[PDB]
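The structure under discussion appears below in the form of structure tokens.
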Amino acid sequence: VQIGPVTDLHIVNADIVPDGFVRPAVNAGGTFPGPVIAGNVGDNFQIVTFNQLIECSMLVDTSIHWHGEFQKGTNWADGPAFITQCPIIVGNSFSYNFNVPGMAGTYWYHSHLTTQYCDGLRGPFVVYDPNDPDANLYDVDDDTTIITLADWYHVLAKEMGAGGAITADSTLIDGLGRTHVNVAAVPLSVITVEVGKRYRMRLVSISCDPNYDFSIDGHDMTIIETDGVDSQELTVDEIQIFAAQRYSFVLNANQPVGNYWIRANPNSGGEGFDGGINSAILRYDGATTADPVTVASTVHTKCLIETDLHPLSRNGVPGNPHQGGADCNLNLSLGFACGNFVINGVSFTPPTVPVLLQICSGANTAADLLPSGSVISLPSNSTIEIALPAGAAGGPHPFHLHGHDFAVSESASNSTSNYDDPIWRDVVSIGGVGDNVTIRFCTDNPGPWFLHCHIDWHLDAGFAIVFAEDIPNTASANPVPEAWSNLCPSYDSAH
Ligand SMILES: *[C@@H]1O[C@H](CO)[C@@H](O[C@@H]2O[C@H](CO)[C@@H](O)[C@H](O)[C@H]2NC(C)=O)[C@H](O)[C@H]1NC(C)=O
Ligand SMILES: [Cu+2]
Ligand SMILES: [Cu+2]
Ligand SMILES: [Cu+2]
Ligand SMILES: [Cu+2]
């Protein structure tokens, strides 16, 4: 189902059994995954979030992030708890009111309090472009062609320990999937196609953790969009998609009428596809209603390599074509030790007063800002470079920057930089020990922007910092509505 751009979104508890195991959940709009929130580029989104949560087990406070939306002028609407807001308390509501100029493509939204999105608050967000330059490449683009991949846990997020390696109990594709252990023959998701039609498939990782090896038996996939950025056409036969990344790919339904397995292998949890784990069904109209009996290629011969992606537009790369060729070049020391992650020796632990409120109240510098050592100021209109050398305990970490997308100057498993035409995205794997994944952007968006690993268990264990971008201009650029000012006093009173 699609809603928006102006809509109510209620946050409720519901028990669900996507793999046959009933357990509690935190739902947006009453379904798992949440409904698709949608609009056209340039639309005013007004999402009134009614928090009706009752089950403390998963926290009754909530806060929602519109993942990959830049929020320029509306840093207050971004969603991360204690960075841009206090959580909305149960029984109250809050209007995330914002515009999406410049932006089109496939996004998503999720709770950004603690590890609550794991417990089910996650869904797709699609900005349609009525003048999409990729339109002529396909026949069908609609709600039936969105594909979500989700990790699902039998253990309540708040009780995951932490961290402490943690693994999912099943993979859900469009909210259905089978349990990795003691697999019950529960219903699988079906994605129906018609002989000869081309589909814009919108592949969305809503994962709290694992990355997926994604393929469709018998079929190719032509990538045309990455984390919201239009790409040149890239035909692959397998896609490794890390947590919170998105691809649009063209599926040409050119195989014989029949049933073909859709495969998404997580990097942890259940391995293989026995009894239909890690699986969904590609069904052609006219096929018999039966399980596919297809096999993956023994070796995939054209799997996605990030370095083969190129923007469709002439995005290029900011700065100079050498490492340090930026106004403010950074190299973050990403560590793990004793159950906590650090960035430059500091583990993130949420401040009592949100970063933005601190600024609104008169803070001027990162030194003025709490938590100490968890904030780095950026000057305005400057080319930033962030090197993110990997090695820290597992791995591979998908880093995400709020309020921005970014050139991937250097990708995983490859030490050659690209200062001509690398793909731009918003979530990138930092690869493995010895890699030096590097990103670049321009500071054109005043506000405190979260930078964190999108493995949510790694976020709760401190793997994050705030880029306080243009502290001096922050208040002026981001006028807040009174409802936002009301958040922290309510939350603090309630607690
Ligand atoms: C990965 O990339 C960064 C560059 O973006 C490298 O940073 C250099 O590091 C050395 C020592 O750490 C400094 O003396 C230089 O000033 C840095 N060069 C700059 C900032 O241009 C970093 O060493 C690399 N990390 C690796 C390969 O793990
Ligand atoms: Cu996110
Ligand atoms: Cu985000
Ligand atoms: Cu991580
Ligand atoms: Cu985030």
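When we count neighbours, we look across all protein chains shown, and the Cβ atoms used for this are built from the backbone with ideal geometry, even at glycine. All of this is worked out from the model, or read from it or from the source named; no laboratory instrument gave them.
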Any residue in segment 468-495 that's touching a residue at least 60 places away in the same chain (Cβ under 8 Å) and on the phi > 0 side of the Ramachandran plot: show its pairings with residues that are in a helix (DSSP H, G or I) and of a type in the set (S, T, N, Q) at Cβ separation under 6 Å, as long as the two are six or more apart or on different chains. none
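Conditions (1) within 16 Å of ligand 2 (Cβ to nearest atom); (2) under 23 Å from residue 363 (Cα atoms); (3) not hydrophobic (A, V, I, L, M, F, W, C), marked per residue:
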| position | (1), (2), (3) |
| --- | --- |
| 382 | no, yes, yes |
| 391 | no, no, yes |
| 424 | no, no, no |
| 438 | no, no, yes |
| 484 | no, yes, no |
Only one of 61, 19, 43 is surrounded by 17 or more Cβ atoms within 10 Å (Cβ to Cβ), touching a residue at least 60 places away in the same chain (Cβ under 8 Å) and under 22 Å from residue 127 (Cα atoms), namely 43
Residue 333 versus (1) out of contact with any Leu (no Cβ under 6 Å at 6 or more places or on another chain); (2) surrounded by 20 or more Cβ atoms within 10 Å (Cβ to Cβ); (3) over 13 Å from residue 472 (Cα atoms): which is the lone unmet condition? (2)
Take residue 87 and tell me if it is more than 16 Å from ligand 4 (Cβ to nearest atom), within 24 Å of residue 371 (Cα to Cα) and not assigned by CATH to the domain that holds residue 453. yes
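Considering every residue within segment 115-129, establish whether at least one is among the β-branched types (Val, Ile, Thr) and within 12 Å of ligand 2 (Cβ to nearest atom).
The answer is no, given that none of the residues of segment 115-129 is among the β-branched types (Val, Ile, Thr) and within 12 Å of ligand 2 (Cβ to nearest atom).
Would you tally the residues in segment 430-449 being within 16 Å of ligand 5 (Cβ to nearest atom), buried (at least 23 other Cβ atoms within 10 Å of the Cβ) and of a type outside the set (A, V, I, L, M)? If you could, list the steps in order and put the result at the bottom.
Initially, segment 430-449 is screened for residues within 16 Å of ligand 5 (Cβ to nearest atom), giving 430, 439, 441, 445, 447-449.
Within this subset, residues satisfying the condition of being buried (at least 23 other Cβ atoms within 10 Å of the Cβ) are 430, 439, 441, 447-449.
Still in the running and of a type outside the set (A, V, I, L, M): 441, 447-449.
The qualifying residues number 4.
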Inspect segment 324-346 for any residue being of a type outside the set (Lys, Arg) and within 16 Å of ligand 3 (Cβ to nearest atom) and give the result as yes or no. no
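Among 468, 483, 477, 494, which is the only one that is among the small types (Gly, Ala, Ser) and buried (at least 20 other Cβ atoms within 10 Å of the Cβ)?
468
Table: residues versus (1) of a type in the set (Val, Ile, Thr); (2) assigned to a strand (DSSP E or B); (3) within 16 Å of ligand 4 (Cβ to nearest atom); (4) within 17 Å of the chain's Cα centre (by Cα).
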| position | (1), (2), (3), (4) |
| --- | --- |
| 435 | no, no, yes, no |
| 445 | no, no, no, no |
| 457 | no, no, yes, yes |
| 462 | no, no, yes, no |
Can you spot a residue in segment 458-465 that is buried (at least 20 other Cβ atoms within 10 Å of the Cβ), away from ligand 2 (no atom under 16 Å from the Cβ) and not charged (D, E, K, R)? yes
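Per-residue answers, yes or no, for (1) on the phi < 0 side of the Ramachandran plot; (2) crowded, with 20+ Cβ neighbours inside 10 Å; (3) aliphatic (A, V, I, L, M):
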| residue | (1), (2), (3) |
| --- | --- |
| 82 | no, yes, no |
| 87 | yes, yes, no |
| 96 | yes, yes, no |
| 106 | yes, yes, no |
| 120 | no, yes, no |
| 124 | yes, yes, no |
| 128 | yes, no, no |
Counting residues that are within 16 Å of ligand 4 (Cβ to nearest atom), which strands (runs of 3 or more DSSP E) fully inside segment 348-433 reach at least 1? 383-387, 398-401, 427-429
So if I check each of 407, 392, which one is away from ligand 3 (no atom under 16 Å from the Cβ), over 21 Å from residue 328 (Cα atoms), touching a residue at least 12 places away in the same chain (Cβ under 8 Å) and crowded, with 19+ Cβ neighbours inside 10 Å? 392
